[PDB]
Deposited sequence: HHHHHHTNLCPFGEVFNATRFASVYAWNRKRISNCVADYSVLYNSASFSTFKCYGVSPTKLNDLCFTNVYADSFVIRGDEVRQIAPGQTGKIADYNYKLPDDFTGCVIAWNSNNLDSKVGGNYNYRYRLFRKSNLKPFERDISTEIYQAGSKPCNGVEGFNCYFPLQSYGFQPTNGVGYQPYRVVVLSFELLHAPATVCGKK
């Protein structure tokens, strides 16, 4: 019997890019989930197949806390049955998803004067992402007859693009930190 280390997820100094979203597996802990829903730090707090207020009760074998950073416009794509750059090629939630989607503005944390280009996201992909799939390949696409062989060029694109996180951006283009809680049927409430 240990404590749920959710502090490592929400309070992390740096978040992962959405194409390489992080996943923290949790096992046999306990958490005061009544500390979570009433936190005014969260702007988006949507739970699917389960209610947030009644969360301090259920139990399961493993809860998964996935974290990444997308812009504010793309937060609606972190949801079941959604489409877009993020939902198709970065982070895809299943249709029968059972868990919560938490997100908050991190402009004060992830934006830099002149632009923060550390956060990236997959542009194109061979096929839409399966739910909970992580594609981290950076293979140049030989789009033309001439071979790139890692050499970017004419018909030789790089599959990833950087966000241009500047503080003066619009709220739809500001960075948001997302944490997706998913459950698997040890960890009970208190």
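According to the record, the deposited residues with no C-alpha atom in the structure span 1-6, 192-196, 202.
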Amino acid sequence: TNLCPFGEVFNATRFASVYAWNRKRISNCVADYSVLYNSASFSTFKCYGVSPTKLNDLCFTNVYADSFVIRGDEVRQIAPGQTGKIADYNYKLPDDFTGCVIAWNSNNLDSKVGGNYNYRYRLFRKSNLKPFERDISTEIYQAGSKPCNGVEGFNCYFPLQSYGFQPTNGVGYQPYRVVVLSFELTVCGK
From here on, numbers count along this sequence of modelled residues.
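Checked against the record, the higher mean CA B factor of 153-161 and 55-63 lies with 55-63. Considering 121, 37, 124, 68 together, the PDB entry gives 37 the largest C-alpha B factor. Annotation for residue 46: C-alpha temperature factor in the middle third relative to the rest of the modelled chain, per the entry. Remark: residue 96 belongs to the highest third of its chain, ranked by C-alpha B-factor as recorded. For residue 189, the recorded CA B-factor ranks within the highest third of the chain. Only modelled residues enter the ranking.
For residue 29, the recorded CA B-factor ranks within the highest third of the chain. Only modelled residues enter the ranking. Sorting the modelled residues of the chain by their CA temperature factor places residue 129 in the lowest third.
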